[PDB]
Every structure is written in C-alpha cells, then in structure tokens.
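The next block is coords36.cif, given as mmCIF, C-alpha atoms.
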data_protein
loop_
_atom_site.group_PDB
_atom_site.id
_atom_site.type_symbol
_atom_site.label_atom_id
_atom_site.label_comp_id
_atom_site.auth_asym_id
_atom_site.auth_seq_id
_atom_site.Cartn_x
_atom_site.Cartn_y
_atom_site.Cartn_z
ATOM 1 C CA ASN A 23 39.400 162.600 18.801
ATOM 2 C CA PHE A 24 42.927 162.147 17.573
ATOM 3 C CA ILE A 25 44.085 158.679 16.493
ATOM 4 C CA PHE A 26 47.139 157.159 18.245
ATOM 5 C CA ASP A 27 47.272 153.597 17.649
ATOM 6 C CA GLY A 28 50.333 153.255 15.413
ATOM 7 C CA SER A 29 49.668 149.613 14.514
ATOM 8 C CA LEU A 30 46.004 150.451 14.011
ATOM 9 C CA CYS A 31 46.843 153.202 11.546
ATOM 10 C CA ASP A 32 49.070 150.759 9.643
ATOM 11 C CA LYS A 33 46.216 148.199 9.571
ATOM 12 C CA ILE A 34 43.829 150.801 8.042
ATOM 13 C CA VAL A 35 46.379 151.495 5.296
ATOM 14 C CA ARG A 36 46.890 147.773 4.676
ATOM 15 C CA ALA A 37 43.105 147.319 4.467
ATOM 16 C CA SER A 38 42.918 150.185 1.891
ATOM 17 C CA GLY A 39 45.159 148.172 -0.492
ATOM 18 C CA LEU A 40 47.185 151.379 -1.057
ATOM 19 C CA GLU A 41 50.062 150.829 -3.468
ATOM 20 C CA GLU A 42 53.154 152.887 -3.952
ATOM 21 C CA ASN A 43 53.013 156.108 -5.950
ATOM 22 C CA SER A 44 49.278 156.739 -5.481
ATOM 23 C CA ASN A 45 47.320 159.986 -5.176
ATOM 24 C CA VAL A 46 45.790 160.079 -1.688
ATOM 25 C CA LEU A 47 43.330 162.341 0.140
ATOM 26 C CA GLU A 48 42.970 162.491 3.924
ATOM 27 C CA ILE A 49 40.436 164.652 5.850
ATOM 28 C CA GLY A 50 41.100 165.964 9.375
ATOM 29 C CA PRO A 51 44.603 164.470 9.794
ATOM 30 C CA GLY A 52 44.643 165.859 13.335
ATOM 31 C CA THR A 53 47.900 165.009 15.006
ATOM 32 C CA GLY A 54 49.132 162.898 12.034
ATOM 33 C CA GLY A 55 48.852 159.193 12.976
ATOM 34 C CA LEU A 56 47.073 157.996 9.852
ATOM 35 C CA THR A 57 48.950 160.592 7.822
ATOM 36 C CA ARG A 58 52.319 158.955 8.694
ATOM 37 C CA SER A 59 51.000 155.443 7.936
ATOM 38 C CA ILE A 60 49.845 156.668 4.506
ATOM 39 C CA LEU A 61 53.223 158.351 3.859
ATOM 40 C CA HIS A 62 55.003 155.093 4.689
ATOM 41 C CA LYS A 63 53.528 153.730 1.377
ATOM 42 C CA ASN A 64 55.271 156.451 -0.617
ATOM 43 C CA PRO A 65 52.346 158.058 -2.376
ATOM 44 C CA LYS A 66 52.971 160.450 -5.237
ATOM 45 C CA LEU A 67 50.854 163.004 -3.423
ATOM 46 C CA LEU A 68 49.120 163.027 -0.085
ATOM 47 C CA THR A 69 46.714 165.907 0.248
ATOM 48 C CA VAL A 70 45.342 166.657 3.705
ATOM 49 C CA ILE A 71 42.391 168.928 4.502
ATOM 50 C CA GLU A 72 42.692 170.478 7.952
ATOM 51 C CA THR A 73 41.254 173.534 9.745
ATOM 52 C CA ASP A 74 42.315 172.951 13.358
ATOM 53 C CA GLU A 75 45.079 175.563 13.959
ATOM 54 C CA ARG A 76 46.471 173.522 16.868
ATOM 55 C CA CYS A 77 47.360 170.681 14.397
ATOM 56 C CA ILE A 78 49.106 172.497 11.562
ATOM 57 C CA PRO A 79 52.564 173.032 13.087
ATOM 58 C CA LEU A 80 53.069 169.235 13.388
ATOM 59 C CA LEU A 81 51.667 168.895 9.817
ATOM 60 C CA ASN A 82 54.150 171.551 8.618
ATOM 61 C CA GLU A 83 56.902 169.613 10.406
ATOM 62 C CA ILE A 84 55.834 166.363 8.746
ATOM 63 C CA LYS A 85 55.911 168.100 5.369
ATOM 64 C CA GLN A 86 59.567 169.050 6.054
ATOM 65 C CA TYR A 87 60.485 165.366 5.820
ATOM 66 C CA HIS A 88 57.752 164.487 3.282
ATOM 67 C CA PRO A 89 57.657 166.887 0.334
ATOM 68 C CA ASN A 90 54.806 164.820 -1.166
ATOM 69 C CA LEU A 91 52.589 166.120 1.662
ATOM 70 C CA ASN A 92 50.192 168.879 0.569
ATOM 71 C CA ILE A 93 48.233 170.735 3.298
ATOM 72 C CA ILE A 94 44.928 172.530 2.600
ATOM 73 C CA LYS A 95 43.209 174.571 5.306
ATOM 74 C CA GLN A 96 39.532 174.460 4.210
ATOM 75 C CA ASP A 97 36.166 173.188 5.489
ATOM 76 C CA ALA A 98 35.712 169.587 4.394
ATOM 77 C CA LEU A 99 32.055 170.243 3.547
ATOM 78 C CA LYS A 100 33.172 173.063 1.224
ATOM 79 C CA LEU A 101 35.683 170.958 -0.761
ATOM 80 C CA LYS A 102 34.662 169.462 -4.077
ATOM 81 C CA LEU A 103 37.011 166.635 -5.119
ATOM 82 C CA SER A 104 37.039 168.350 -8.555
ATOM 83 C CA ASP A 105 38.804 171.284 -6.793
ATOM 84 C CA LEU A 106 41.882 169.110 -6.123
ATOM 85 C CA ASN A 107 42.786 169.025 -9.828
ATOM 86 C CA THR A 108 43.794 165.312 -9.714
ATOM 87 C CA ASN A 109 42.377 161.932 -10.747
ATOM 88 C CA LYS A 110 42.293 158.448 -9.322
ATOM 89 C CA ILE A 111 41.950 159.775 -5.780
ATOM 90 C CA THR A 112 42.357 157.200 -3.084
ATOM 91 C CA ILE A 113 40.620 158.517 0.020
ATOM 92 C CA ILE A 114 41.966 157.112 3.295
ATOM 93 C CA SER A 115 40.543 158.972 6.244
ATOM 94 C CA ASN A 116 38.958 159.199 9.628
ATOM 95 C CA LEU A 117 35.901 161.425 9.418
ATOM 96 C CA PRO A 118 34.838 164.103 11.884
ATOM 97 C CA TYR A 119 31.742 162.669 13.619
ATOM 98 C CA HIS A 120 29.606 165.736 12.834
ATOM 99 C CA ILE A 121 29.768 165.337 9.035
ATOM 100 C CA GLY A 122 30.792 161.788 8.143
ATOM 101 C CA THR A 123 27.582 160.868 6.368
ATOM 102 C CA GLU A 124 27.545 164.168 4.456
ATOM 103 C CA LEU A 125 31.114 163.657 3.244
ATOM 104 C CA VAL A 126 30.550 160.080 2.148
ATOM 105 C CA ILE A 127 27.550 161.147 0.006
ATOM 106 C CA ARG A 128 29.480 164.129 -1.418
ATOM 107 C CA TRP A 129 32.439 161.931 -2.429
ATOM 108 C CA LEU A 130 30.229 159.224 -3.925
ATOM 109 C CA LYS A 131 28.529 161.888 -6.035
ATOM 110 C CA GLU A 132 31.984 162.599 -7.499
ATOM 111 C CA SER A 133 32.861 158.882 -7.687
ATOM 112 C CA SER A 134 34.353 159.343 -11.224
ATOM 113 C CA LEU A 135 37.402 160.987 -9.622
ATOM 114 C CA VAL A 136 37.752 158.240 -6.992
ATOM 115 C CA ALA A 137 39.826 155.055 -7.057
ATOM 116 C CA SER A 138 38.521 153.872 -3.677
ATOM 117 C CA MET A 139 37.719 155.044 -0.146
ATOM 118 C CA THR A 140 38.790 153.395 3.127
ATOM 119 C CA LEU A 141 37.119 155.339 5.890
ATOM 120 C CA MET A 142 36.854 155.246 9.664
ATOM 121 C CA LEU A 143 33.390 156.240 10.960
ATOM 122 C CA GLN A 144 31.075 155.587 13.873
ATOM 123 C CA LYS A 145 30.159 151.927 13.606
ATOM 124 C CA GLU A 146 26.492 152.809 13.698
ATOM 125 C CA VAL A 147 26.995 154.739 10.458
ATOM 126 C CA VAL A 148 29.044 151.935 8.858
ATOM 127 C CA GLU A 149 26.198 149.433 9.458
ATOM 128 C CA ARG A 150 23.865 151.876 7.678
ATOM 129 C CA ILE A 151 26.333 152.186 4.785
ATOM 130 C CA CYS A 152 26.425 148.372 4.429
ATOM 131 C CA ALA A 153 22.787 147.513 5.120
ATOM 132 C CA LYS A 154 20.722 145.498 2.643
ATOM 133 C CA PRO A 155 17.028 146.134 2.021
ATOM 134 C CA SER A 156 14.648 144.625 4.538
ATOM 135 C CA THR A 157 17.338 144.685 7.222
ATOM 136 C CA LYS A 158 17.132 146.746 10.437
ATOM 137 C CA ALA A 159 19.704 149.392 9.426
ATOM 138 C CA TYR A 160 18.455 149.833 5.835
ATOM 139 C CA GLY A 161 18.005 153.488 5.080
ATOM 140 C CA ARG A 162 18.824 156.461 2.942
ATOM 141 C CA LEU A 163 22.584 156.040 3.349
ATOM 142 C CA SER A 164 22.311 152.383 2.332
ATOM 143 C CA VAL A 165 20.419 153.336 -0.842
ATOM 144 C CA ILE A 166 22.872 156.019 -1.902
ATOM 145 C CA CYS A 167 25.956 153.914 -1.202
ATOM 146 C CA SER A 168 24.471 150.786 -2.883
ATOM 147 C CA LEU A 169 23.704 152.578 -6.116
ATOM 148 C CA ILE A 170 27.258 153.865 -6.440
ATOM 149 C CA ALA A 171 29.787 151.603 -4.712
ATOM 150 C CA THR A 172 30.731 148.109 -3.649
ATOM 151 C CA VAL A 173 30.758 148.519 0.154
ATOM 152 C CA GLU A 174 32.730 146.406 2.571
ATOM 153 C CA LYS A 175 32.938 146.457 6.342
ATOM 154 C CA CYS A 176 36.624 145.846 7.287
ATOM 155 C CA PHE A 177 36.923 145.857 11.098
ATOM 156 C CA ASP A 178 35.771 147.534 14.295
ATOM 157 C CA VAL A 179 37.774 150.201 16.123
ATOM 158 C CA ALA A 180 37.495 150.635 19.939
ATOM 159 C CA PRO A 181 37.444 154.128 21.668
ATOM 160 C CA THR A 182 40.868 153.432 23.206
ATOM 161 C CA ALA A 183 42.342 153.821 19.707
ATOM 162 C CA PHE A 184 41.981 157.664 20.142
ATOM 163 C CA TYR A 185 42.958 160.576 22.444
ATOM 164 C CA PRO A 186 40.851 161.594 24.128
ATOM 165 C CA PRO A 187 38.615 158.523 23.624
ATOM 166 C CA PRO A 188 35.188 158.850 21.957
ATOM 167 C CA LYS A 189 32.134 157.395 23.779
ATOM 168 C CA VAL A 190 31.236 155.093 20.833
ATOM 169 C CA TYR A 191 32.805 152.480 18.566
ATOM 170 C CA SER A 192 34.246 153.416 15.203
ATOM 171 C CA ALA A 193 34.746 151.077 12.276
ATOM 172 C CA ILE A 194 36.512 150.902 8.969
ATOM 173 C CA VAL A 195 34.584 150.652 5.766
ATOM 174 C CA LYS A 196 35.833 150.347 2.180
ATOM 175 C CA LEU A 197 33.820 151.766 -0.758
ATOM 176 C CA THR A 198 34.791 151.046 -4.343
ATOM 177 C CA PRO A 199 32.803 152.754 -7.075
ATOM 178 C CA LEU A 200 30.855 150.405 -9.268
ATOM 179 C CA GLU A 201 31.989 149.880 -12.843
ATOM 180 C CA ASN A 202 28.625 151.183 -14.061
ATOM 181 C CA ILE A 203 27.049 154.078 -12.082
ATOM 182 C CA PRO A 204 23.816 156.093 -12.588
ATOM 183 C CA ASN A 205 24.133 159.624 -13.867
ATOM 184 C CA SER A 206 24.654 162.392 -11.402
ATOM 185 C CA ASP A 207 21.239 163.894 -12.229
ATOM 186 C CA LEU A 208 19.387 160.804 -11.017
ATOM 187 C CA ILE A 209 21.605 160.398 -7.926
ATOM 188 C CA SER A 210 20.893 164.042 -6.956
ATOM 189 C CA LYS A 211 17.185 163.320 -7.144
ATOM 190 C CA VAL A 212 17.560 160.048 -5.191
ATOM 191 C CA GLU A 213 19.399 161.969 -2.482
ATOM 192 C CA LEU A 214 16.366 164.231 -1.917
ATOM 193 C CA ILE A 215 13.682 161.616 -2.554
ATOM 194 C CA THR A 216 15.173 159.298 0.045
ATOM 195 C CA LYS A 217 15.366 162.178 2.626
ATOM 196 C CA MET A 218 11.599 162.557 2.381
ATOM 197 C CA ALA A 219 10.868 158.821 2.010
ATOM 198 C CA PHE A 220 12.874 157.832 5.097
ATOM 199 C CA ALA A 221 11.876 160.804 7.291
ATOM 200 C CA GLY A 222 9.561 158.278 9.100
ATOM 201 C CA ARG A 223 9.641 154.403 8.769
ATOM 202 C CA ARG A 224 5.886 153.951 8.870
ATOM 203 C CA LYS A 225 5.064 156.310 6.041
ATOM 204 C CA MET A 226 3.797 155.040 2.763
ATOM 205 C CA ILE A 227 5.637 156.346 -0.210
ATOM 206 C CA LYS A 228 2.383 157.642 -1.650
ATOM 207 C CA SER A 229 2.113 159.837 1.433
ATOM 208 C CA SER A 230 5.736 160.958 1.981
ATOM 209 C CA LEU A 231 6.232 161.886 -1.697
ATOM 210 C CA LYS A 232 2.781 163.345 -2.271
ATOM 211 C CA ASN A 233 3.866 167.013 -2.009
ATOM 212 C CA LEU A 234 6.727 166.408 -4.452
ATOM 213 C CA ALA A 235 4.712 164.177 -6.780
ATOM 214 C CA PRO A 236 0.922 164.608 -6.622
ATOM 215 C CA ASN A 237 0.629 161.771 -9.140
ATOM 216 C CA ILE A 238 2.858 159.433 -7.037
ATOM 217 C CA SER A 239 0.209 156.568 -7.152
ATOM 218 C CA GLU A 240 0.358 156.729 -10.979
ATOM 219 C CA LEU A 241 4.169 156.484 -10.958
ATOM 220 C CA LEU A 242 4.171 153.550 -8.523
ATOM 221 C CA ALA A 243 1.704 151.825 -10.882
ATOM 222 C CA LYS A 244 3.905 152.596 -13.916
ATOM 223 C CA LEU A 245 6.752 150.913 -12.039
ATOM 224 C CA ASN A 246 4.490 148.035 -10.874
ATOM 225 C CA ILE A 247 5.289 148.776 -7.261
ATOM 226 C CA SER A 248 2.661 148.298 -4.532
ATOM 227 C CA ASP A 249 0.541 151.372 -3.964
ATOM 228 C CA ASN A 250 1.022 150.676 -0.221
ATOM 229 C CA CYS A 251 4.819 150.384 -0.196
ATOM 230 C CA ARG A 252 6.821 152.022 2.582
ATOM 231 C CA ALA A 253 10.354 153.339 2.252
ATOM 232 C CA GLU A 254 12.099 150.228 3.668
ATOM 233 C CA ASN A 255 10.261 148.064 1.121
ATOM 234 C CA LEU A 256 11.824 149.767 -1.954
ATOM 235 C CA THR A 257 15.210 148.631 -3.276
ATOM 236 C CA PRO A 258 17.955 151.081 -4.337
ATOM 237 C CA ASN A 259 16.937 150.466 -7.944
ATOM 238 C CA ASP A 260 13.306 151.277 -7.086
ATOM 239 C CA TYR A 261 14.456 154.729 -5.883
ATOM 240 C CA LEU A 262 16.445 155.269 -9.059
ATOM 241 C CA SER A 263 13.367 154.379 -11.094
ATOM 242 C CA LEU A 264 11.285 156.834 -9.126
ATOM 243 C CA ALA A 265 13.896 159.559 -9.615
ATOM 244 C CA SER A 266 13.746 159.077 -13.381
ATOM 245 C CA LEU A 267 9.926 159.645 -13.323
ATOM 246 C CA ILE A 268 9.711 162.460 -10.862
#
As structure tokens, the full file:
Amino acid sequence: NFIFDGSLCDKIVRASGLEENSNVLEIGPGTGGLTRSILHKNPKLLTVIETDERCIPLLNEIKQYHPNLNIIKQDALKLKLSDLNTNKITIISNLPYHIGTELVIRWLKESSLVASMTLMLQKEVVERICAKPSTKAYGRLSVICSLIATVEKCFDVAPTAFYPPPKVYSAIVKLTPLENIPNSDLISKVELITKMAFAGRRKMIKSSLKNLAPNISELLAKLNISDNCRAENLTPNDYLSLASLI
C-alpha cells in the first residue's frame, strides 16, 4: 500500500515537528510520497530502508536531486538502530502492516538513539499503543510503550490515502521517549512476561506466569498485589516490578 496523498504526507511531517537539518529514518518508503515530504524539511540525512526492487529506481532518481538521501536495502526486522551509526534519530514512517508492532517495540528498546517517532499504523494498533490500564484496548503493546515513551494519537488516515487502498483505517501516532526510562534488561523481561500474561484475558497472573516463576504467589505478595490479579489489572509499573523479581 503506497501512500499518495501529497497534502497528507506534508501533514504527517508537520505533526512530527521535524526541524531543518535533522537526522531522519524512514522504513518502506515505497514510491516516495512521505520521503519527498521529509526531504522538503531539508534534513541533514534521510536514511530509507527498502527491499522492494520495484521501488528502488524511483528512490535512486530521488537521490539524484537529494544527496542527503541514503538508501539501505535490508529487512526492517533485521536492522538495529545502532547499525545506522548516528544519534538523535527522528523516525518518520509508515510501517508495513505485517511487522508494525514488532518494529515499534524494537525501536523503543533502543530509545536512547531516538529523538522521536511519528508513525503511521493500522488504527487498531495505534489504540493499543495509546491505551490506559483498565481500558478495552489495554494490552502488552500499551505496557511496553507506556514504560518507555510519551504516546500521542495525532489523526486518522482513510484507505483512500493509499494505492491500492488497504481494507482498514490507518492512523498517525507520535512517541517521544521519556526523560527517565527503565534499563534495557528489565524491558527485555517485561517484553516476554507480558507475552505470557496477555496470552489470554481471563488468566490470573499466578497461572500464566507459573511455569516461568513457580513462586509467583510469593512475588505478588512481596509486591502487595492481589493473588487473584489478571493481566489487565496490572499497571505498566507492576510489570516492571515483576520483571525485577523474576
């Protein structure tokens, strides 16, 4: 699903708060719509990660007029931000619908290298990114994002914005790493703990985490959490606390 809408691409860049002379990363630039909007703000470097062979010739052509365009042909799931050898990365990107959630978590894990992220995703995923505890969409993604970033829903994007059109609504979300973040060790554990915890909504934590932590009832008691708590009942901080004891 390639983005057209020229004005829409400019609105995403405006929403990002991108200033001149920044260091930008874009994934899956496709046919270049968002890419050109980014380049209109005169970044110091725009790095794009693209594998679709069909798309590169136009990207090579763009580079001919924009020497600050850098093109990398690699799998997005295989890129570490640390591999780009730059700091203060502003990520402005549409995400491929197969891997959006996976990329967001990967980037947040390397939040130290990140200025901000303004991302276009399925709206269903954006509501999960932004969900608060004891809300319908609260889940693993909410937990991970909440521990690491200030998250902000910007606006909805209709299927007609793309060619060909997707069947579902996209939306734009902005994520700005928090000034204080937990260490990477604890986040890595939270990532796995929440995959088990949220595998089913009805499951008590003392059941879902029992294989991992046979003494889980003891740990819940050490944290003064109900022995009968279920995953949706625990806050993001509760999961961090658990990670530090498992």
Evaluating the PyMOL selection byres ((chain A and resi 212) around 8) on the displayed file yields which residues, as a PDB file with C-alpha atoms, in the coordinates of the input?
ATOM      1  CA  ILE A 166      22.872 156.019  -1.902  1.00  0.00           C
ATOM      2  CA  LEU A 208      19.387 160.804 -11.017  1.00  0.00           C
ATOM      3  CA  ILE A 209      21.605 160.398  -7.926  1.00  0.00           C
ATOM      4  CA  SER A 210      20.893 164.042  -6.956  1.00  0.00           C
ATOM      5  CA  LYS A 211      17.185 163.320  -7.144  1.00  0.00           C
ATOM      6  CA  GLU A 213      19.399 161.969  -2.482  1.00  0.00           C
ATOM      7  CA  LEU A 214      16.366 164.231  -1.917  1.00  0.00           C
ATOM      8  CA  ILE A 215      13.682 161.616  -2.554  1.00  0.00           C
ATOM      9  CA  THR A 216      15.173 159.298   0.045  1.00  0.00           C
ATOM     10  CA  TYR A 261      14.456 154.729  -5.883  1.00  0.00           C
ATOM     11  CA  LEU A 262      16.445 155.269  -9.059  1.00  0.00           C
ATOM     12  CA  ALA A 265      13.896 159.559  -9.615  1.00  0.00           C
TER      13      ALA A 265
END
Using only C-alpha atoms, what table do you get, as JSON lines, when you list each residue of segment 56-120 of chain A with an atom no more than 9 Å from segment 25-30 of chain A, its nearest pair of atoms, and their distance in Å rounded to one decimal, rows by chain then rising number?
{"residue": "A:56", "atom": "CA", "partner": "A:25", "partner_atom": "CA", "distance": 7.3}
{"residue": "A:59", "atom": "CA", "partner": "A:28", "partner_atom": "CA", "distance": 7.8}
{"residue": "A:116", "atom": "CA", "partner": "A:25", "partner_atom": "CA", "distance": 8.6}
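Around residue 46 of chain A, within 9 Å and counting only C-alpha atoms, the residues found are residues 40, 60, 65, 66, 67, 68, 69, 70, 110, 111, 112, 113 and 114 of chain A, once anything fewer than 5 positions away on its own chain is removed.
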Segment 159-193 of chain A near segment 48-55 of chain A within 12 Å: what's each residue's closest atom pair and its distance in Å to one decimal, counting all atoms listed in the file, ordered by chain then ascending residue number, as JSON lines?
{"residue": "A:183", "atom": "CA", "partner": "A:55", "partner_atom": "CA", "distance": 10.8}
{"residue": "A:184", "atom": "CA", "partner": "A:55", "partner_atom": "CA", "distance": 10.0}
{"residue": "A:185", "atom": "CA", "partner": "A:53", "partner_atom": "CA", "distance": 10.0}
List as a PyMOL selection string the protein and nucleic acid residues near residue 146 of chain A, meaning an atom at most 12 Å away when only C-alpha atoms are counted, but skip any in the same chain fewer than 5 places from it. chain A and resi 119+122-123+151-153+158-160+163+175+178-179+190-195
If the PyMOL selection byres ((chain A and resi 84-97) around 9) were run on this exact file, what residues would it hold? Put them as a PyMOL selection string. chain A and resi 54+58+61+64-75+78-83+98-101
Env of residue 220 of chain A: 7 Å cut, atoms = all atoms listed in the file, seq-sep filter 5 positions within chain, self excluded. Answer as a VMD selection string. chain A and resid 161 to 162 253
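Excluding residue 238 of chain A itself and same-chain residues fewer than 3 positions from it, the residues having an atom within 12 Å of it are residues 215, 226, 227, 228, 229, 230, 231, 232, 233, 234, 235, 241, 242, 243, 244, 245, 247, 248, 249, 250, 251, 264, 265, 267 and 268 of chain A, counting all atoms listed in the file.
Considering the residues A:102, A:225, A:150, A:196 and counting all atoms listed in the file, residue 35 of chain A has its shortest atom-to-atom contact with A:196.
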Residue nearest residue 170 of chain A among A:189, A:131, A:76, A:154 (counting only C-alpha atoms): A:131
A straight line from atom CA of residue 117 of chain A to atom CA of residue 34 of chain A spans 13.3 Å
Can you measure atom CA of residue 256 of chain A to atom CA of residue 219 of chain A for me? One decimal in Å is fine. 9.9 Å
